[PDB]
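The values are calculated or read from the model by the stated rules, or taken from the named source; none is laboratory data. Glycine gets a Cβ as well: all are built from the backbone with ideal geometry, and neighbour counts include every protein chain shown.
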Amino acid sequence: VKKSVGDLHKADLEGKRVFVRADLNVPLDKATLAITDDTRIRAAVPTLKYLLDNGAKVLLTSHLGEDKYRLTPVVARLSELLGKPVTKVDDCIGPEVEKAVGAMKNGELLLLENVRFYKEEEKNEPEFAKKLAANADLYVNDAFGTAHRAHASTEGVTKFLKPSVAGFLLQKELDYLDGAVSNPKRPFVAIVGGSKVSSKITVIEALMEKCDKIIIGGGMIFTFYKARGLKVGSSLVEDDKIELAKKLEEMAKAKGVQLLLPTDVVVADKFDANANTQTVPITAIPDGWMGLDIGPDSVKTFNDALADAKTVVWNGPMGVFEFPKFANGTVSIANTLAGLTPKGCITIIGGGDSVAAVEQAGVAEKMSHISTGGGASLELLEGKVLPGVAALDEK
């Protein structure tokens, strides 16, 4: 629905000054400022290489940090992964930018200083966005992780640049998180895990509009079980969400969604990787014990339910996978999805703990898509509209 940088050809790009908003906000080691994860930079280079190879003059902008950094720590890694030099400018507006842009040749890339040094950036003030656009001809948004904010560099500048299109990274995020979910190939199974059903309501509700089955895991199952009148030992529950838990089960049936909860759990006598454990049916949770993983019968049931899936969305671990005795639920599910991807199934991962889970489970490169922008991922999987995306041209 939104035009892409790929919809533009060399006539549109050669010799043009292209303002690019990228997500280069890579984690830094506090003492050395070395990059501990350059995934975001690597994800950013295909848009940049396409532009530079078509003769564009790229003006690249990003943030790095509520504490702000200059972009110095990323210049060298970006150039190495770009395969092209990178000229730094110590401002994102004004005569120094204008001078640097004037000296550029086709196929060169400029890196402007961190836009968030101006308070006008997060205020989305139009006169500042105007100054940002003053040395550009057109606009590419490749910063999905900030597309839910309305900032000058992510939204305000589009009012002064034509066309305004989505980069390749942003388009991929939309292709998987929006397209693949809204027009899904079936069977479409959603997997949602978490400690608290309160944190996962809207994503669960959003996914029930589209999916065939929902698998529910993690510590939040115990509020569902308490809502059935079952004992849940010392498992943490949200008593104020008990009625909500009943409504979700009802809503699933009304919409034709198979709701799957575990039938057995691994319980611990304390929240400890070294706890004593038992594996019990969910109807006989011992007093004073807490459920820290789904049990083997539930692992088998969930795997069977996934065995013919053509789309899977996974958000949230099945148990405390950081504890080896309680990891089998998450690791098994992670590796089931990893085996589905080569069979044609579309496997999509979202959430900070699910990405730490797929790393610990050794499947981090084995999925269709792992979302680079956490807070934007949830809001898109929520069905609300991102100001950064809405501002782009229609295809």
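From the list 262, 317, 324, 286, which residue is farther than 25 Å from residue 349 by Cβ, in the same structural domain as residue 337 (by CATH) and not charged (D, E, K, R)?
Just one listed residue meets the conditions, 286.
Determine which member of the set 283, 223 is of a type outside the set (A, V, I, L, M, F, W, C), over 23 Å from residue 180 (Cα atoms) and in contact with a helix residue (DSSP H, G or I) (Cβ under 7 Å, 6 or more places away or on another chain). It would help to see each step written out before you state the result.
Working: 283 fails: in contact with a helix residue (DSSP H, G or I) (Cβ under 7 Å, 6 or more places away or on another chain).
Result of the check over 283, 223: 223.
Go through segment 66-88 and give me each residue that's exposed (fewer than 14 other Cβ atoms within 10 Å of the Cβ) and in a loop (DSSP other than H, G, I, E, B).
The answer is 66, 67, 68, 83, 85.
Go through 268, 305 for me and flag whichever is of a type outside the set (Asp, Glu) and over 30 Å from residue 185 (Cα atoms).
Numbers: 305 fails: over 30 Å from residue 185 (Cα atoms).
Among 268, 305, only 268 is of a type outside the set (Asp, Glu) and over 30 Å from residue 185 (Cα atoms).
Might you check whether a residue that is surrounded by fewer than 22 Cβ atoms within 10 Å (Cβ to Cβ) and touching a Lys or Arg at 6+ places or on another chain (Cβ under 6 Å) occurs anywhere in segment 219-233?
Taking every residue of segment 219-233 in turn, at least one turns out to be surrounded by fewer than 22 Cβ atoms within 10 Å (Cβ to Cβ) and touching a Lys or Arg at 6+ places or on another chain (Cβ under 6 Å).
Residue-wise test of (1) of a type in the set (S, T, N, Q); (2) surrounded by 23 or more Cβ atoms within 10 Å (Cβ to Cβ); (3) over 28 Å from residue 268 (Cα atoms).
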residue	(1), (2), (3)
315	yes, yes, no
347	yes, yes, yes
353	no, no, no
370	no, no, yes
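Can you tell me how many residues within segment 341-395 are part of a helix (DSSP H, G or I), closer than 19 Å to residue 143 by Cβ and of a type in the set (D, E, K, R)? So that I can check it myself, show each step before the final result.
The initial filter retains those residues of segment 341-395 that are part of a helix (DSSP H, G or I), namely 341-343, 352-360, 374-380, 387-390.
Those still in the list that are closer than 19 Å to residue 143 by Cβ too: 352, 355, 374-380, 387-390.
Then drop every residue that is not of a type in the set (D, E, K, R), which leaves 379.
Total satisfying the criteria: 1.
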